[PDB]
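Okay, so here's the structure we're looking at.
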Amino acid sequence: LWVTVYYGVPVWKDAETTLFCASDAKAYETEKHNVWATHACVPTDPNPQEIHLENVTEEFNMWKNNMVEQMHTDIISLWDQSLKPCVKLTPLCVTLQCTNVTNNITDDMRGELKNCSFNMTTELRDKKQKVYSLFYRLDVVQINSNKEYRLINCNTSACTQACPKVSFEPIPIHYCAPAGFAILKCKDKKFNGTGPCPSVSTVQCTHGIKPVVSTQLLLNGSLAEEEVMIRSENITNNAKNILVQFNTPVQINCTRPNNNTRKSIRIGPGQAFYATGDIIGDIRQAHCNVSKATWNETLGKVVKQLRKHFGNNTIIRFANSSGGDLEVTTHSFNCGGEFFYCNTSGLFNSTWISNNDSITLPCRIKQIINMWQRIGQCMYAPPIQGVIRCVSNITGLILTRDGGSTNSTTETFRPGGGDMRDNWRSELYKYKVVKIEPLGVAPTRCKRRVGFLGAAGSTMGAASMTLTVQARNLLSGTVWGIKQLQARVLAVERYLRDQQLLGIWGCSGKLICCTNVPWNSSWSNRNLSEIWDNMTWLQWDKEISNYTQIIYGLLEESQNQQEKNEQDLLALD
Amino acid sequence: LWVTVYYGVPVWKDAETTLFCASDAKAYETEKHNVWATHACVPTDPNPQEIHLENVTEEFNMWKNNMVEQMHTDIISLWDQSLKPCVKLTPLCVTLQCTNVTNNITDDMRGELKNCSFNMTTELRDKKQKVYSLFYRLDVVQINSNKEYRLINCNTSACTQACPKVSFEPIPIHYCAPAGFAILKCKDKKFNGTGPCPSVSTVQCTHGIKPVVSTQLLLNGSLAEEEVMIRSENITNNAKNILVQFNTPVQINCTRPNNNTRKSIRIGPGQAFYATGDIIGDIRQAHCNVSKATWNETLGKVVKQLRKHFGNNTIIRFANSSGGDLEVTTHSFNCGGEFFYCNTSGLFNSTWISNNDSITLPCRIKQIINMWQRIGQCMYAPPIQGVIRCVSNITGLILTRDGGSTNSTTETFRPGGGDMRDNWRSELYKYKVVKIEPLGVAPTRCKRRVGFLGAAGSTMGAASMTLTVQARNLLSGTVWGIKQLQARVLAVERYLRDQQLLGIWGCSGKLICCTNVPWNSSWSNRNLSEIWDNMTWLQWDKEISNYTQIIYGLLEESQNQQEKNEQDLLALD
Amino acid sequence: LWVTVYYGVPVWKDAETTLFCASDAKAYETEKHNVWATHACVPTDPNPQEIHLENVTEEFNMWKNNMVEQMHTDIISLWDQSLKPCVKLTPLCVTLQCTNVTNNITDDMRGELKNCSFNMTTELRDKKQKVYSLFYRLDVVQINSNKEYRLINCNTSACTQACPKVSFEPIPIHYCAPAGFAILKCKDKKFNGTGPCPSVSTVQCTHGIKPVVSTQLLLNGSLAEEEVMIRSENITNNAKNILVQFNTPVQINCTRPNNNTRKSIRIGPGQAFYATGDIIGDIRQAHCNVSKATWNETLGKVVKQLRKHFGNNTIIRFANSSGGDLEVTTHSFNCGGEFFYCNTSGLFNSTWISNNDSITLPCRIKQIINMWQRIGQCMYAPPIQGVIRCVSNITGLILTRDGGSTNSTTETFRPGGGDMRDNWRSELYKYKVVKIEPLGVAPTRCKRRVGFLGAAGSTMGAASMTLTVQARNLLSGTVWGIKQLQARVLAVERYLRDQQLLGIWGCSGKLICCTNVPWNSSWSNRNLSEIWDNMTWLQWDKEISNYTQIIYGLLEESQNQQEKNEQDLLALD
Ligand SMILES: *[C@@H]1O[C@H](CO)[C@@H](O[C@@H]2O[C@H](CO)[C@@H](O[C@@H]3O[C@H](CO)[C@@H](O)[C@H](O)[C@@H]3O)[C@H](O)[C@H]2NC(C)=O)[C@H](O)[C@H]1NC(C)=O
Ligand SMILES: *[C@@H]1O[C@H](CO)[C@@H](O[C@@H]2O[C@H](CO)[C@@H](O)[C@H](O)[C@H]2NC(C)=O)[C@H](O)[C@H]1NC(C)=O
Ligand SMILES: *[C@@H]1O[C@H](CO)[C@@H](O[C@@H]2O[C@H](CO)[C@@H](O)[C@H](O)[C@H]2NC(C)=O)[C@H](O)[C@H]1NC(C)=O
Ligand SMILES: *[C@@H]1O[C@H](CO)[C@@H](O[C@@H]2O[C@H](CO)[C@@H](O)[C@H](O)[C@H]2NC(C)=O)[C@H](O)[C@H]1NC(C)=O
Ligand SMILES: *[C@@H]1O[C@H](CO)[C@@H](O[C@@H]2O[C@H](CO)[C@@H](O)[C@H](O)[C@H]2NC(C)=O)[C@H](O)[C@H]1NC(C)=O
Ligand SMILES: *[C@@H]1O[C@H](CO)[C@@H](O[C@@H]2O[C@H](CO)[C@@H](O)[C@H](O)[C@H]2NC(C)=O)[C@H](O)[C@H]1NC(C)=O
Ligand SMILES: *[C@@H]1O[C@H](CO)[C@@H](O[C@@H]2O[C@H](CO)[C@@H](O)[C@H](O)[C@H]2NC(C)=O)[C@H](O)[C@H]1NC(C)=O
Ligand SMILES: *[C@@H]1O[C@H](CO)[C@@H](O)[C@H](O)[C@H]1NC(C)=O
Ligand SMILES: *[C@@H]1O[C@H](CO)[C@@H](O)[C@H](O)[C@H]1NC(C)=O
Ligand SMILES: *[C@@H]1O[C@H](CO)[C@@H](O)[C@H](O)[C@H]1NC(C)=O
């Protein structure tokens, strides 16, 4: 009959907000190399809390998530911030004099290293300096008695050498939302990227996400749980990348067996340039090894789950990439500072039908890079002395279907990728951000006299006793610097708005503040047995969400003001 | 009689604060390249509300407004931000060797364009490049086989090319104040600039203001109603500009018949310099057209209002600009990218005794500009390819009077301008920012036991029923980015201070409350019928403004502390 | 028996927070623009409030004061900010060719002023310029038939010319604590800098302190009272400085008799380089003067007050500095823009046994400078034309004890300094920041039915009637603005946390409230009369902070939740 206002109901709606980084601050409390990304984040909770929701079935969507875009923008801005402070190599674009290096009489790499020598400025503007350095063939381009060259990007973009002190080591970060927002987590083991997730769990924020950069194979990412899953925006469409994820890792070992040496040239006053001085001992190519039997078994599995969608009689035949830029055409990870670019033509060999030492990947290195498909600004990665070795493990792939015929007697899958959002979407697949609103109104028989969300799936009557748990922690009282400020300002304003709305009414209280506005039959007149015993809060929100504004207006104006002026006139005499 | 505290009365008072931007969704969603000003402006509400205050009369002042200065600072800051991130053109200073253009036939514009050639640097620091470009006569100065010149600014300032993609296209901007403030709006049809406006209305924020930059003639402005209103700070003083506002607009057309060509010179790495390569076909001077009959009629209408201020039978005479810099001597503006500088001696030339064709304005174009009289921050607008044409309205003038004696036989009005504040002040003449304060105290016979401003003109008895409406909107739950954040924080702060000051008294959760403070007769006591039925809250607060601190001190000391301590002593048994 | 929560109670504890500047408007209104970026600082309070606290004893310490480090960081940041828009002199690193003092007659100083002639780029790229300048012997280092030199730091740092408009003139800076905090001012006459101060006071803003710079002598410092004070972290440790603060000042006059003239050389466009053109008249030595009798008397006082720690009849000896950099070896300072560097060996040249016109100190001047022992950043102070004279007051030394022994026979003292924290620490020795904690709990017999800090020393019974004054003040109503914004948001967040924590309990009504938690005897049981009337509020915080968290837990969980769970039954009707 009479309206009653409830504060702290289990209700949420989809929204987007400014997330802030959290990371393990104890590891870097003792200072180390100034990492590219992870600094100034709030310390992470030593005991993260994950709460399971009893009966809810939330709808997820991988390919229209906003956290991926926020992550990509954050990484781009962090990289741009990192590159700015240190040296600019504007005076290095000069005509070079380059000849082939003479290794320690070992062949098959003779044409790849140059010994460019050139003129460079010095401290005093009136004088010039004569220097030399070693450049890779992919870094230096010809300009048309030994022939003379220039750097590759002199006619496109400038160069800012990376600050030698920082380190491009990926290390995990946690994206945490402001107070008043919650991040759901799809939990079932067969989530194909879209559709309902019958198992859901609320977490304050995420686990450790390593911002690894790669094009053709995903490295160090999170594995699947039950089986190797295949995800795509629309599998039937050939234009959409077919992300894949493994359940057991395939180990890849990469090396640069050259005893490189750094050599600093001054281009001062103050500024210095680090050249590739000289290589000691033999010179050999950089190669990556992947176990043959393990890779064969992994592909023989992926083809098995891949035939679930494309029929169980078709012929599946992998192949190397079609072509394009060197980033797209070759697996382009980074290992300790050097930016490899490796072939992968030996991996994607097979032709499957219904019925042992290693695989070597010969490859090459480039020092100058302009990643994220950008133009107008490049970077010069300084050389790293000594042999460098990495042991990653392949966790997923990025496939693309040819779709070259309509009969569909066979299918051909060439690996691709290069849009860095695909790497992030492979990790943020089981998250979304929701906006908790704690206020609610429902009819009852009042007349006023003169887990964190574990009750979400329960009926409205069952959830009418746990109101306090929602409202207890509603406030929870340079990149990563302004984001925290905006996040906490938004949280404070949300708490203040909720308190003001609950205060202008007659309630000023937490649990079950009865009111006096009569229940109009126009606001979905149902039997109270059909309301309290049948429905739940999330369902109760939807049909009445049109009329919440009218009920708020009636409570604030029609009832409280008249009631209080009546009390004031009562105390007159 | 005892004091009673009301929260959310219609009281306001004049104040100055920080405003933020807001733009239309159409301009917000324009996929093309960003406009010079609006990038992070929040989208505007599709339906702003007008809450005409009914019986209120407020004192307006056009000249001493603070919105104008804030707009000027914001515009200058936006320009400086716009020019920072693209090409700097320091190495263009070279001794240029120039020669006249050959024209086509029947030479008429010989001395304006020069065919300058100079040696310019290329990407490779070793080599040099021979190029040529066409510079207008106003952009070069001779130095002492053919003659040689330098650029205009290479002994005062360093050039900086305007970014080639961004366009200085004026578009509407709305300046909206944060929560807890209001922007009143005068609507008197004959508002001359100062004095009380008997018809006052409040909007959430202003109408669309086009930030057009021009001098000597206001373009694309807002027109008056029923009269050709004329405004000035002081008509007797001859050192003050006399703004005008036409009833109906005057159509002005402008053209640049030369068919330019954009020649790209690469002076990298990365940078570039766009040059006026060569002109195709016939070559002629830029000119602007204004209808003769319309302009004659408009002058004949404006002189009638000048006769009112300066008396009947006085002869009003017009004359062209007094002389000085080219910025103020000629009607300067930009039409699609080219900065025109048009002679206006054909318009301001007439004499008016007591009792079909088109006018052609010769015009000249300049490329190197240092607008806003800020020497040291020059700019080089790149050439715009193809014929340029635009059609605009003239909706105002900026006249100045001649002060040679008075002996009022006649007056001589000469156009002026140059200070850009007058362009903004012509649009923001019907607004001012007033901060709303909700708290208030008034007497009555009660003692305690032991539209958004539509009621601003109503009596205190009727106004006390609308405390909810006033009290609701006190939170409303790059340069613009920090403006919005600071304004939001300020609003939250003011609301929290109001809440705390209400809470130290015994009236925390209530809009109205009775208190046991006696009403001292020294506070201008009056019969209740003369307060609650013969006064309004704005008029009441104007009377008790001296005793507010004493009453607040009494309420916080004599009542709450003593009451709580005595109640604590009572609860012991 | 029962617990009762008190809000707004005079209790504080040590804490650190970012402070904000406050300077008078006259400094900005001075014609010398941007002397210290006064626009950043807030206008000063016209009447700072000092409230005497009558019974409080507080533990002071200056050797761990955080305000010293905050002032140092603020000064460094302001200095770096000031020079950013100024000219950069990278093209000045040229092979100079210098030949002593050929243009003038000089006394026996001989080769201190080098007459340097060298090439330079004119306002145009094409043509070079032949110019000259006078550089001091300290500003040029030889490089290997007239000899040739270069500037001192052409292989270390890039000079940036000081802007000529601004001047490095110190002005008062007032430090004001943000909302919620307070600054305690110790007023004891004989305060050593450590231990309990029995005459504490409080101030909203500190007294005006001038950020002077000088190594071996403190200039314009604040004077002590009634005796020369000696302060040290541990006097018997040889490695720690021993500050001194004279009772009465010793005046020092300094002069630059050379009559310099400024020559403006153009490095255009938009850049100028001010050289030392020529010296009119005879070359003469720069020197400083100190009164002999006054200085001898001051050292006679310092020995009297410094033998107190060491011995009544121990030999104490003074001596000049040992060696090292010119900054530490010699008393440096600025005198009207010229950075003097004067040896003080004519002053510390005394020996004192167990039981006549003026001291003159000739000294040098250096132009290129980089204070704080910084590397990578430098400045070139332009010449100050005309004869220069200064007058200053010495107000404290910075001594240092030698580690040799002679365990008791003799003690040797030398001037020290070099780190600029000591100069700030000599002025902020009587101020520390404290954080106010307004919540408090005390036992009493109440059971619930089913100046700003002048009372900090008074008993709890009397201090319960002044809860309003503390509670009222807690809220207190581009680059470098985010610091103030973050401090402000932090204050708001702290207030909201306190209010929410009070709201979880059954005490939404502010100030003295009562709760039903019994008072366990284990929590420092005392008879009630000796709790309320034989003890103060600060001492109560020193005997509950162990159990305060558990008391808050009992209040928030054990009583209010059960009360609501009992109330829900009666809420149905
Ligand atoms: C006053 O407002 C008028 C709006 O009518 C301004 O004229 C407009 O100027 C723009 C920019 O030149 C014109 O758009 C351009 O059109 C050309 C094609 O001619 C196109 O190639 C460009 O990319 C751009 O879209 C626009 O057509 C023109 N308006 C009209 C009706 O022609 C005028 O510039 C304003 N006054 C001042 C002083 O800015
Ligand atoms: C997924 O992509 C496929 C493209 O193959 C879409 O299927 C096409 O739909 C159009 C429109 O009806 C037909 O003309 C084509 O013949 C279809 N192609 C095939 C191979 O069947 C499909 O609609 C897309 N799915 C979604 C949900 O967008
Ligand atoms: C990729 O696959 C092709 C065939 O699919 C491989 O070519 C085979 O090489 C072996 C070894 O000489 C021959 O015995 C076969 O006859 C070849 N097959 C065909 C169809 O000609 C090729 O070597 C593979 N390359 C890599 C790098 O894995
Ligand atoms: C200044 O004199 C005081 C004694 O009056 C010394 O301070 C004492 O220091 C000890 C050591 O920490 C403390 O336990 C005492 O409480 C302090 N008492 C007082 C009154 O401050 C201090 O050491 C002297 N300073 C110097 C530099 O010698
Ligand atoms: C102050 O400094 C002195 C000297 O540095 C310290 O005294 C020394 O203490 C060690 C440890 O017992 C002895 O081995 C030395 O012989 C002492 N030297 C002298 C000269 O006394 C003293 O401990 C320091 N005091 C404080 C409070 O730090
Ligand atoms: C610093 O200079 C001042 C003058 O500007 C000196 O003060 C003067 O000294 C002379 C000689 O003793 C007196 O005749 C004047 O009356 C003094 N003038 C004033 C205003 O006091 C001062 O002695 C100099 N100090 C030093 C250390 O040389
Ligand atoms: C400051 O003055 C003293 C005293 O004149 C200078 O000390 C000289 O030191 C050198 C090296 O031992 C010797 O010439 C003498 O011992 C001292 N000179 C005289 C005349 O006795 C000191 O060099 C001066 N400071 C500077 C930076 O030169
Ligand atoms: C505008 O009108 C007011 C009267 O309301 C008058 O005081 C003022 O001088 C007028 N100003 C002008 C410029 O006409
Ligand atoms: C007293 O109140 C009456 C209301 O009926 C009013 O008419 C009268 O003017 C008042 N007199 C004074 C002195 O305020
Ligand atoms: C400059 O003066 C110094 C000091 O007397 C002297 O050693 C030097 O030889 C002089 N320079 C020349 C060029 O004579």
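Labeling convention for the structure tokens: chains A, B, ... as they appear, residues from 1 per chain, ligands from 1 in order of appearance.
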- Task: Using only C-alpha atoms, find the residues of chain B whose closest atom to chain C is at most 6 Å away, then write them as a PyMOL selection string.
- Result: chain B and resi 93-94+154-158+497+564+571-572
- Please, which residues have at least one atom within 12 Å of an atom of ligand 6, using only C-alpha atoms and all ligand atoms, listed as a PyMOL selection string? chain C and resi 249-255+287-295+357-361+389-394
Residues from last step as file, N, CA and C atoms, as a CSV table (one decimal), in the first residue's frame:
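The resulting result.csv:
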```csv
chain,number,residue,atom,x,y,z
C,249,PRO,N,73.5,41.2,15.5
C,249,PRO,CA,74.1,40.9,14.2
C,249,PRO,C,75.5,41.6,14.0
C,250,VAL,N,76.3,41.0,13.1
C,250,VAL,CA,77.5,41.7,12.6
C,250,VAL,C,77.3,42.1,11.2
C,251,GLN,N,77.4,43.4,10.9
C,251,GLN,CA,77.2,43.9,9.6
C,251,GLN,C,78.3,43.6,8.6
C,252,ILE,N,78.0,43.3,7.4
C,252,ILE,CA,79.0,43.0,6.4
C,252,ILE,C,78.7,43.8,5.1
C,253,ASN,N,79.6,44.6,4.7
C,253,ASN,CA,79.4,45.4,3.4
C,253,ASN,C,80.2,44.7,2.3
C,254,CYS,N,79.7,44.7,1.1
C,254,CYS,CA,80.3,44.1,0.0
C,254,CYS,C,80.1,45.0,-1.3
C,255,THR,N,81.1,44.9,-2.2
C,255,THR,CA,81.1,45.9,-3.3
C,255,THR,C,81.8,45.2,-4.5
C,287,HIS,N,85.6,43.1,-3.0
C,287,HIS,CA,85.9,42.8,-1.6
C,287,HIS,C,84.7,43.0,-0.7
C,288,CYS,N,84.8,42.5,0.5
C,288,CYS,CA,83.8,42.6,1.6
C,288,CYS,C,84.5,43.1,2.9
C,289,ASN,N,83.7,43.8,3.7
C,289,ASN,CA,84.2,44.5,4.9
C,289,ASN,C,83.4,44.0,6.1
C,290,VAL,N,84.1,43.8,7.2
C,290,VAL,CA,83.4,43.4,8.4
C,290,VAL,C,84.1,44.2,9.5
C,291,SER,N,83.3,44.7,10.5
C,291,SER,CA,83.8,45.5,11.6
C,291,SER,C,84.7,44.6,12.4
C,292,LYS,N,85.9,45.1,12.8
C,292,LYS,CA,86.9,44.3,13.5
C,292,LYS,C,86.4,44.1,15.0
C,293,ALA,N,86.1,45.2,15.6
C,293,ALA,CA,85.8,45.1,17.0
C,293,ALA,C,84.5,44.3,17.3
C,294,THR,N,83.5,44.5,16.4
C,294,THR,CA,82.2,43.8,16.6
C,294,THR,C,82.4,42.3,16.3
C,295,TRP,N,83.2,42.0,15.3
C,295,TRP,CA,83.5,40.6,15.1
C,295,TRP,C,84.3,39.9,16.2
C,357,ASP,N,90.8,48.7,12.7
C,357,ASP,CA,89.9,49.5,11.9
C,357,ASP,C,88.8,48.8,11.2
C,358,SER,N,89.1,47.8,10.4
C,358,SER,CA,88.1,47.0,9.7
C,358,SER,C,88.7,45.8,9.0
C,359,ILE,N,88.1,44.6,9.1
C,359,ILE,CA,88.6,43.4,8.4
C,359,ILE,C,88.2,43.5,7.0
C,360,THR,N,89.1,43.4,6.0
C,360,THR,CA,88.9,43.5,4.6
C,360,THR,C,89.1,42.1,4.0
C,361,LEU,N,88.2,41.7,3.1
C,361,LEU,CA,88.2,40.3,2.5
C,361,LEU,C,88.1,40.4,1.0
C,389,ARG,N,76.9,47.6,-4.8
C,389,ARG,CA,77.2,47.6,-3.3
C,389,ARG,C,76.0,46.9,-2.6
C,390,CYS,N,76.4,46.2,-1.5
C,390,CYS,CA,75.4,45.5,-0.7
C,390,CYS,C,75.7,45.7,0.7
C,391,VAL,N,74.7,45.6,1.6
C,391,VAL,CA,74.9,45.6,3.0
C,391,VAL,C,74.0,44.5,3.6
C,392,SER,N,74.5,43.7,4.5
C,392,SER,CA,73.8,42.5,5.0
C,392,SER,C,74.2,42.3,6.5
C,393,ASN,N,73.4,41.5,7.1
C,393,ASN,CA,73.6,41.2,8.6
C,393,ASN,C,74.0,39.7,8.7
C,394,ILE,N,75.1,39.4,9.3
C,394,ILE,CA,75.5,38.0,9.6
C,394,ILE,C,74.7,37.7,10.9
```
Closest atom pairs, residues of segment 238-328 of chain B within 10 Å of segment 362-384 of chain B, only C-alpha atoms, as a tab-separated table:
```
residue	atom	partner	partner_atom	distance
B:254	CA	B:363	CA	9.4
B:255	CA	B:363	CA	9.7
B:256	CA	B:365	CA	9.1
B:259	CA	B:384	CA	9.3
B:260	CA	B:384	CA	7.0
B:261	CA	B:384	CA	7.8
B:262	CA	B:383	CA	6.3
B:263	CA	B:383	CA	8.9
B:273	CA	B:382	CA	8.2
B:274	CA	B:382	CA	6.0
B:275	CA	B:383	CA	6.7
B:276	CA	B:383	CA	6.0
B:277	CA	B:383	CA	9.3
B:285	CA	B:363	CA	7.0
B:286	CA	B:363	CA	5.5
B:287	CA	B:362	CA	5.1
B:288	CA	B:362	CA	7.0
B:289	CA	B:362	CA	9.3
B:327	CA	B:371	CA	8.3
```
I need the residues from that last selection saved to file as a PDB file, in the first residue's frame (with C-alpha atoms), if you can.
```pdb
ATOM      1  CA  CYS B 254      34.673  37.716 -49.698  1.00  0.00           C
ATOM      2  CA  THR B 255      36.782  35.974 -52.322  1.00  0.00           C
ATOM      3  CA  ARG B 256      40.385  35.104 -53.168  1.00  0.00           C
ATOM      4  CA  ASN B 259      44.197  29.605 -57.607  1.00  0.00           C
ATOM      5  CA  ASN B 260      47.119  28.741 -55.336  1.00  0.00           C
ATOM      6  CA  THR B 261      49.137  25.515 -55.347  1.00  0.00           C
ATOM      7  CA  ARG B 262      50.512  23.837 -52.218  1.00  0.00           C
ATOM      8  CA  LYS B 263      54.152  22.826 -52.746  1.00  0.00           C
ATOM      9  CA  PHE B 273      57.253  23.262 -44.994  1.00  0.00           C
ATOM     10  CA  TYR B 274      54.298  24.030 -47.267  1.00  0.00           C
ATOM     11  CA  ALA B 275      55.054  26.660 -49.916  1.00  0.00           C
ATOM     12  CA  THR B 276      52.906  28.620 -52.367  1.00  0.00           C
ATOM     13  CA  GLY B 277      54.264  26.746 -55.367  1.00  0.00           C
ATOM     14  CA  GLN B 285      43.566  40.831 -55.720  1.00  0.00           C
ATOM     15  CA  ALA B 286      41.269  39.514 -53.023  1.00  0.00           C
ATOM     16  CA  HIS B 287      38.180  41.663 -52.505  1.00  0.00           C
ATOM     17  CA  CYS B 288      35.028  41.745 -50.389  1.00  0.00           C
ATOM     18  CA  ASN B 289      31.526  42.925 -51.288  1.00  0.00           C
ATOM     19  CA  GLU B 327      45.842  45.149 -37.586  1.00  0.00           C
TER      20      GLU B 327
END
```
- Non-local contacts of segment 415-428 of chain C (8 Å; only C-alpha atoms; under 6 positions in same chain excluded) as JSON, numbers by chain: {"C": [62, 63, 67, 68, 69, 71, 72, 209, 211, 212, 213, 214, 215, 216, 218, 221, 222, 241, 243, 319, 320, 321, 327, 328, 329, 348, 372, 397, 398, 399, 400]}
- Item | 8 Å contact set for residue 87 of chain C, only C-alpha atoms, chain neighbours under 4 positions out, as a ChimeraX atom specification | /C:160-163,271-272
Store the residues picked out above, limited to N, CA and C atoms, as a PDB file, in the first residue's frame.
```pdb
ATOM      1  N   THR C 160      72.024  27.762 -19.755  1.00  0.00           N
ATOM      2  CA  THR C 160      70.774  28.459 -20.043  1.00  0.00           C
ATOM      3  C   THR C 160      70.874  29.832 -19.397  1.00  0.00           C
ATOM      4  N   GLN C 161      70.851  30.881 -20.213  1.00  0.00           N
ATOM      5  CA  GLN C 161      71.015  32.232 -19.695  1.00  0.00           C
ATOM      6  C   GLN C 161      69.876  32.581 -18.749  1.00  0.00           C
ATOM      7  N   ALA C 162      70.213  33.233 -17.642  1.00  0.00           N
ATOM      8  CA  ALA C 162      69.190  33.731 -16.739  1.00  0.00           C
ATOM      9  C   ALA C 162      68.392  34.826 -17.430  1.00  0.00           C
ATOM     10  N   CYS C 163      67.082  34.807 -17.234  1.00  0.00           N
ATOM     11  CA  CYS C 163      66.248  35.830 -17.840  1.00  0.00           C
ATOM     12  C   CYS C 163      66.598  37.191 -17.238  1.00  0.00           C
ATOM     13  N   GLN C 271      66.365  35.610 -29.847  1.00  0.00           N
ATOM     14  CA  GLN C 271      67.307  35.245 -28.797  1.00  0.00           C
ATOM     15  C   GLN C 271      68.394  36.303 -28.716  1.00  0.00           C
ATOM     16  N   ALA C 272      68.796  36.636 -27.491  1.00  0.00           N
ATOM     17  CA  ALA C 272      69.832  37.627 -27.245  1.00  0.00           C
ATOM     18  C   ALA C 272      70.772  37.110 -26.169  1.00  0.00           C
TER      19      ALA C 272
END
```
